[PDB]
Amino acid sequence: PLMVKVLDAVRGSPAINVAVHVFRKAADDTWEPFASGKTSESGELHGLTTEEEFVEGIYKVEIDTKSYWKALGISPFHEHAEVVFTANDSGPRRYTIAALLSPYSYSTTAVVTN
Amino acid sequence: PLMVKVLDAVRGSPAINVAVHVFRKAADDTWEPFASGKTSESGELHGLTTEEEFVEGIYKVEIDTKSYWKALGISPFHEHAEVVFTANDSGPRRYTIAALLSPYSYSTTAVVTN
Amino acid sequence: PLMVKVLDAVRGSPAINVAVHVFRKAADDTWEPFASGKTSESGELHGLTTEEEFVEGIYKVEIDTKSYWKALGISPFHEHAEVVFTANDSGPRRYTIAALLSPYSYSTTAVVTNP
Amino acid sequence: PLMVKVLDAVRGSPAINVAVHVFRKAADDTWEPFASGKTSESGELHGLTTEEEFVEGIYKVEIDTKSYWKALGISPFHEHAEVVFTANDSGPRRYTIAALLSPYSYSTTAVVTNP
Ligand SMILES: Oc1c(Br)cc(Oc2ccccc2)cc1Br
Ligand SMILES: Oc1c(Br)cc(Oc2ccccc2)cc1Br
């Protein structure tokens, strides 16, 4: 039900081998590790979770943008990019979290479909 | 070699049934019609052209954002969104032109891969 | 009543010395040149027009993004960024057209206020 | 030396009365509260800090986008928009953190200048 896609606005390409960590907010308000991976050659990260595991809750998707830029020899502004949202059962079932990266900027959108 | 994808930042969804017109710049500097279609349920428009037809040149992709918003009962700022670029044979072969739409704003990126 | 602001997303700075050409759609559907200038050290372009001159119409603000990236010796994707909109059709408004630039991407937004 | 500016992409206006909380990473890796305020009628938040107070560190600027969309009675996707960055590590700089907001999307950029 959850896919993360990362794009590079400098080279006009997927952002490949970018580390992505997903956390679920626990009852004590701390962020607990949920799922993680690295984006593929298409800039996409599939198979993070299952419908069964992805219960309603607040999730954080952290994208390691700083390591991405450093590997390209480019000095970036952000330590990482966060995307924090509520999964809701009465909305559509599938969530794509997309991020478009520049050294000093990023944009993020959610594409939520049934 | 060319795909157009349109997303709606208000509803967090593909932008469906959006008209898209592609033009190639002619030798006299006018824009000649090249290809067109409407985005599908996925917000994507495939099959606009073929490798054979898509020679190097300056192309314009016009996205009918105004009709999109009006159909949703929302008053938009832009008459349309243009994306104007050079197709180059010595870059990667496949071009995705993506646009993310808001009533008073849009962003566009190119994802160019081999 | 019309201001254009351009930012550089690679450098995290104003985009300085960016050429901007404004056109207005004429009675015969052609784009007539309306005003032009370059962004300053703040990435802003002021003084393009006056409240008297800036009548109702369809305007195109062409931002010469290719010349900017290339004048910096970078090879960008877009020829330019065009922002096309109806203005002043419920009476005079003030418009800021903002653009944030990357070699293969740009974002634009409008801030519209009523004086 | 720190300014936060927030714009509304749905209305084409400044995003007014947006709550912003700034944190600084402490020696024990926790986020310590640093400064907070709300955007004005121009969508700008000035006066958060001083050049003396704003030392080297890792800062998080949390923009309370959910409260903004909901205080307007809209149901948005994000809880907030967080912008996390190292500041002043080559000496004092001025930072503008800009955010452009839509119910299911936001963009952020930094403008960093050397006084
Ligand atoms: O498949 C996609 C998606 Br979804 C978004 C996209 O563009 C953006 C991603 C993040 C923020 C803004 C635009 C490009 C492609 Br190709
Ligand atoms: O003064 C500004 C700034 Br700074 C950014 C701006 O546009 C953007 C803000 C955040 C993310 C992308 C673009 C518009 C205006 Br008027």
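Residues numbered from 1 in each chain as written, not as in the entry; some residues may be left out. Chains lettered and ligands numbered in written order. Heavy atoms only, no water.

1. With respect to the overall build of chain A
When you go through chain A residue by residue, the secondary structure sums to one helix and nine strands. Ordered by position in the sequence, the α and β elements of chain A form the string β-β-β-β-β-β-α-β-β-β. Taking 13 Å as the expected radius of gyration for a compact globule of 114 residues, we find that chain A reaches 14 Å, a close match to that expectation. Once the C-alpha set of chain A is aligned to its principal axes, its extents read approximately 40 × 30 × 20 Å. (Helix = DSSP H or I, 4+ residues; strand = E, 2+ residues; numbered from the N terminus. Rg over C-alpha atoms; globule rule 2.2 N^0.38 Å.)

2. Some thoughts on the sheet that holds strand β6 (residues 57–63) of chain D
Strand pairs in the sheet, formed through backbone hydrogen bonds, run parallel or antiparallel to each other. With antiparallel pairing, eight strands are arranged side by side in an open sheet as β4(A)-β3(A)-β6(A)-β7(A)-β7(D)-β6(D)-β3(D)-β4(D). Where the open sheet ends on each side, the last strands, each with one partner, are β4 (31–38) of chain A together with β4 (31–38) of chain D. Strand-to-strand twist in this sheet, taken as the mean axis angle between neighbours without regard to direction, amounts to 20°. Judged from the four bridges that link them, strand β7 (residues 78–87) of chain A and strand β7 (residues 78–87) of chain D form a sheet pairing that is antiparallel. Following the sheet pairing, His80(A) is matched in β7(D) by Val84(D). (Pairing = 2+ DSSP bridges. Axes fitted to C-alpha atoms, helices over the stretch in contact; angles between N-to-C directions.)

3. Structural notes on the UniProt feature "binding site: L-thyroxine" in chain A
Taken from the UniProt record, the annotation "binding site: L-thyroxine" applies to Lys5(A), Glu44(A) and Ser107(A). Positionally, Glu44(A) belongs in strand β5 (residues 44–45). Setting aside chain neighbours within four positions, we find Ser107(A) in contact with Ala98(A), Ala99(A), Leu100(A), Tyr106(D) and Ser107(D). (UniProt positions renumbered as here; feature names shortened; annotations may be inferred. Contact = heavy atoms within 4.5 Å.)

4. Topic: the site of ligand 2
As a structural note, the neighbourhood of ligand 2 is formed by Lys5(C), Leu7(C), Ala98(C), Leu100(C), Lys5(D), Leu7(D), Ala98(D), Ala99(D), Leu100(D) and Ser107(D). Nearby residues around ligand 2 are contributed by chains C and D. Between ligand 2 and the protein, one listed contact pairs an oxygen atom with a side-chain N or O atom of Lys5(D) at 2.7 Å. If ligand 2 stood free it would expose 430 Å²; the protein chains cover 95% of that surface. Secondary structure elements with two or more residues in the shell around ligand 2: β1 (2–8) and β8 (94–102) of chain C together with β1 (2–8) and β8 (94–102) of chain D. Top element by residues in the shell around ligand 2 is β8(D). It accounts for three residues. Split by residue class, the shell around ligand 2 holds seven nonpolar, one polar and two charged. (Near = heavy atom within 4 Å. Polar contact = N/O pair within 3.5 Å; in protein donor to acceptor, adjacent residues only side chain to side chain. Areas by Shrake-Rupley, 256 points an atom, 1.4 Å probe, with all protein chains shown as cover. Nonpolar A, V, L, I, M, F, W, Y, C, P; charged D, E, K, R; others polar.)

5. Some details on the site of ligand 1
Around ligand 1, a shell composed of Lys5(A), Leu7(A), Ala98(A), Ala99(A), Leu100(A), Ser107(A), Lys5(B), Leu7(B), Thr96(B), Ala98(B), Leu100(B) and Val111(B) is seen. Around ligand 1 the close residues trace back to chains A and B. A distance of 2.5 Å is found between an oxygen atom of ligand 1 and a side-chain nitrogen or oxygen belonging to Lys5(A). Secondary-structure elements contributing two or more residues to the shell around ligand 1 are β1 (2–8) and β8 (94–102) of chain A together with β1 (2–8) and β8 (94–102) of chain B. The class makeup of the residues in the shell around ligand 1 is eight nonpolar, two polar and two charged.

6. Some remarks on the pattern of salt bridges
Residues and elements named next belong to chain C. Throughout the structure, instances matching the rule amount to 20 salt bridges over all chains. For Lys 60, the salt bridge identified is with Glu 82, shortest N-O distance 3.7 Å. In this pair, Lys 60 sits in strand β6 (residues 57–63) while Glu 82 sits in strand β7 (residues 78–87), placing the two residues 22 residues apart along the sequence. Note on accessibility: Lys 60 and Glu 82 belong to one class, buried. (Salt bridge = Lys/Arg side-chain N within 4 Å of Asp/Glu carboxyl O. Buried < 20%, exposed > 50% of the residue type's maximum accessible area, 1.4 Å probe, protein only.)

7. Some points on unusual backbone geometry
Even without a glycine there, the phi angle at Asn17(A) is positive, about 60°. What makes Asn17(A) partly exposed here is its relative accessible area of 47%. The residue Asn88(C) is not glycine, and still its phi comes out positive at about 65°. Along the chain, the position of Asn88(C) falls in the loop between β7 and β8.

8. Describing the environment of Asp64(B)
All names here are of chain B. Of note, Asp 64 is situated in the loop between β6 (57–63) and α1 (65–71). Residue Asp 64 is classed as partly exposed on the basis of its relative accessible area of 25%. Counting along the chain gives 23 residues from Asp 64 to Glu 41, while the straight-line C-alpha distance between them is 16 Å. Each residue touching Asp 64, except ones within four places of it in the same chain, is listed here: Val 18, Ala 19 and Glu 79.

9. Overview of the interface of chain C and chain B
Size of an interface, as often reported, equals the accessible area lost when the parts are brought together. Facing 21 residues of chain C, the contacting portion of chain B comprises 22 residues. Buried area between chain C and chain B, both sides added, is near 1700 Å², and the carbon and sulfur share of it is 57%. Our enumeration of links across chain C and chain B arrives at zero salt bridges. Our enumeration of links across chain C and chain B arrives at 14 residue pairs in polar contact. Elements that contribute at least two residues to the side of chain C that touches chain B include exactly β7, β8 and β9 (105–113) of chain C. When its residues are assigned to classes, the side of chain C that touches chain B shows 11 nonpolar, seven polar and three charged. (Buried area = accessible area lost by both parts, 1.4 Å probe.)

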